[PDB]
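Asker: before the rest arrives, take these chain(s) from the complex:
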Amino acid sequence: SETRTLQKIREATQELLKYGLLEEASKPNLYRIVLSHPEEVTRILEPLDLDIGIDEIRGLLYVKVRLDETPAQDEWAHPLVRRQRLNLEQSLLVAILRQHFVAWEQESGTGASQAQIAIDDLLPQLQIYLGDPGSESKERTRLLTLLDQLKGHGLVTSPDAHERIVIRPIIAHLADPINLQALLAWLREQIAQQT
Amino acid sequence: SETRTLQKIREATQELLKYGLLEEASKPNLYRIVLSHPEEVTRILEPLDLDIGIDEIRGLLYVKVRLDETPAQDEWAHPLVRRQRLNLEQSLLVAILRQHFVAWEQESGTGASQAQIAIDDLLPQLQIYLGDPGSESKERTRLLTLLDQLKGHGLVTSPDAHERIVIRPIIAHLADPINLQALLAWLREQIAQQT
Amino acid sequence: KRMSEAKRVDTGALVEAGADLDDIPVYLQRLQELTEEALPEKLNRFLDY
């Protein structure tokens, strides 16, 4: 009786849900299709109490919860969404990436040029606090494992041929980095005291 | 104004998605919510290329891959499903469990859920096919490995204190006799491969 | 009369069909089956085991 949803809208919505976040530079066709059918996409997602956030300046689409406004769960919890608490090393690396992404977006534009940094450049920032793990191979293994975990979190790309990663725009879309700022202040204070 | 789905409907569908099946005997309110707007559930899964399966004789609701304009090809390639594909020895143990289920059904009827068999009851049934590892603990480990996954698909409960399991009614449809004939044919092509 | 008497003592097989001069074939098939198995004639060896 009732007509089916359009094929491309269904496919793109499922694609984004699978990936959480996506780029026009990555898949421009789905990007434009969804942005031409935002009402349809949100209607597809609102029964799930989900929705999408977008950033045309950096060229990113991403999911977002659309529950009823501010229930008692300010530390929100959603059935279909299992939450995580990344570890102090993961949080440390995220803070490092946040600071250098902030710097890049000034010296290279707000996603005008995709934010980048070299492995040999990230490693010193970690070494400020963690110190030398014991060898260059150990340093690279540590940073690469953490970066891969972040990539699974949809935050960074794998290093290029020049060992330069690309930072996804989603970093700018974190909710409450004030915790990250406090954590970084604590880290710098500790290393300054422990040196 | 907005196309927001009613909160109870969203709750029921979110739970159904989270676990993929819903029994009235366990969660009657959500089951009756689903069967009060089953067309709504269909029209919400239709965007996702998914469909609602209903078996009121056993008071059960489960989600099943829909046919797109392409019948999902190998439907297990559907983007959303988190699990892998089913595969043979799981089918063997499913057949044995379904044999015991149909025996129990003839004994006391279809809609109930009291069927059970112990780890040692299971062990000979598979031991026929799988050979003897050399220790009872090893074959019990094999069986528990199978049961963990099958519980992951919702077929069985966890190994209880008595080393028994409870057959879930959904097995009536995974072991769909039409699908059993299709699998018998597939087994014949496996023979051809062996040939 | 005889079909009805058979129905009285049956358990599970004659339950299906009725009793008329057209039902007869089912009865004879059941008798043939219960003759193939030769089951009723194991009795006095099983009472030993």
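Answerer: Cool, the structure landed. Numbers count the residues shown, from 1 in each chain, chains lettered A, B, ... in the order given.

Asker: what about residue A:34, how many residues close to it?
Answerer: Using other CB atoms under 10 Å in any protein chain shown, residue A:34 is surrounded by 23 other residues. In short, each C-beta sits where N, CA and C put it, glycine included.

Asker: Please apply the same query to residue C:40.
Answerer: A count of nearby residues for residue C:40, using other CB under 10 Å, gives 8.

Asker: Pretty sure it sits in a helix.
Answerer: Yes. Per DSSP: H, G, I helix; E, B strand; the rest coil, residue C:40 lies within a helix segment.

Asker: now the helices for chain A?
Answerer: A:7-19, A:28-35, A:38-45, A:88-107, A:119-130, A:136-152, A:178-193 (DSSP state H).

Asker: tilt between the first one and helix A:28-35?
Answerer: Put plainly, it is helix A:7-19. Counting by axes from the mean of the first three to the mean of the last three CA atoms, to 10 degrees, helix A:7-19 lies at 100 degrees to helix A:28-35.

Asker: what's in contact with helix A:7-19?
Answerer: Here helix A:7-19 makes contact (CB atoms under 8 Å, 6 or more residues apart in numbering or on different chains) with A:22, A:27, A:30, A:33-34, A:37, A:40-41, A:44-45, A:50, A:52, A:61-63, A:154, B:46-49, B:68-69, B:79-80.

Asker: three-state assignment of the closest residue to chain B within chain C?
Answerer: Per CB to the nearest CB, residue C:12 is where chain C lies closest to chain B, at 11.2 Å. Look at residue C:12: counting by three-state DSSP, its state is coil.

Asker: here's chain D, drop it on:
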Amino acid sequence: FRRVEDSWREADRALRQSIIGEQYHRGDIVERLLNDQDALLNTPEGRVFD
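Answerer: Once chain D is put in with the chains from before, the structure reads:
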């Protein structure tokens, strides 16, 4: 005694195997068990036990 246990386990295994076969009457099943019972009055182990 363990060797006798082996015989009875093997007989149970074979009986279940044959039951999965579609071809046996009720008589076949109920008679093969008695044949087994008399089967294990022959070997030295079974004779020892009985």
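
Asker: can you check the neighbour count of residue C:40 again with chain D included?
Answerer: With other CB under 10 Å as criterion, residue C:40 counts 9.

Asker: now it: how far from chain A?
Answerer: With distances taken as CB to the nearest CB, to the nearest Å, residue C:40 is found 61 Å from chain A.

Asker: Could you give the number of residues near the spatially closest residue to residue C:13 that is not a sequence neighbour?
Answerer: Counting by CB to CB, 6 or more residues apart in numbering or on different chains, the nearest residue to residue C:13 once its immediate chain neighbours are dropped is residue C:30, at 5.4 Å. Per other CB under 10 Å, the neighbour tally for residue C:30 reads 15.

Asker: Could you verify my assumption that residue C:30 touches residue C:16?
Answerer: No. Using CB atoms under 8 Å, residue C:30 makes no contact with residue C:16, being 10.4 Å away.

Asker: so how far is residue D:39 from the residue nearest to residue C:13?
Answerer: Distance of residue C:30 to residue D:39, given as CB to CB, to the nearest Å: 33 Å.

Asker: Then residue A:91?
Answerer: 72 Å.

Asker: Next up, the contacts around residue D:47.
Answerer: Contacts of residue D:47 by CB under 8 Å, 6+ apart are residue D:41.

Asker: For residue D:4, see how far away it is.
Answerer: 10 Å.

Asker: what's the answer for residue A:41, then?
Answerer: Counting by CB to CB, the gap from residue A:41 to residue D:4 is 72 Å.

Asker: Next up, identify which helix or strand the residue nearest to residue C:13 is on.
Answerer: Element membership for residue C:30 (DSSP states H and E) is helix C:24-36.

Asker: one more, chain E:
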Amino acid sequence: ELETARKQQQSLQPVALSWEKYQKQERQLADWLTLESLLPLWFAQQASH
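Answerer: Now chain E, sitting on the chains shown earlier:
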């Protein structure tokens, strides 16, 4: 189970017996109805000559 199997097998025997007996007269009836059909023709064939 053995006991009940024997009990059931008893009943159907006279049923088969009576079925055979009934078939006897059933096949017999055709002969005399055929005689009824044929009777006028024999008399007429004699009568013509």
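
Asker: now with chain E: the neighbour count of residue C:40?
Answerer: 18.

Asker: before we move on, what about the one 5 residues further on?
Answerer: Residues lying near residue C:45 (other CB under 10 Å) number 12.

Asker: What sits closest to it if chain neighbours are left out?
Answerer: Spatial nearest neighbour of residue C:45, excluding adjacent residues (CB to CB, 6+ apart): residue D:34 at 6.1 Å.

Asker: quick one: the one you found and residue C:49 touch, right?
Answerer: Yes. Counting by CB under 8 Å, residue C:49 is a contact partner of residue D:34 at 5.8 Å.

Asker: separation between the residue lying farthest from the centre of chain D and chain A?
Answerer: Here chain D reaches farthest from its C-alpha mean at residue D:22, the gap being 19.1 Å by CA atoms, centre = their mean. Taking CB to the nearest CB as the measure, residue D:22 falls 45 Å from chain A.

Asker: That residue sits in which helix or strand?
Answerer: Using DSSP H and E, residue D:22 sits in no helix or strand.

Asker: coming back round to it: looking only at neighbour counts, state which of residue D:34 and residue C:49 leads.
Answerer: A count of neighbours by other CB under 10 Å puts residue D:34 above the other of residue D:34 and residue C:49, at 14 against 9.

Asker: So which other helices or strands are in contact with the helix or strand containing that one?
Answerer: Using DSSP H and E, residue D:34 maps to helix D:26-39. For helix D:26-39, the elements it packs on are helix C:43-46, helix D:2-20, judged by 3 or more CB pairs under 8 Å, 6 or more residues apart in numbering or on different chains; DSSP states H and E.

Asker: Good, we can wrap up now.
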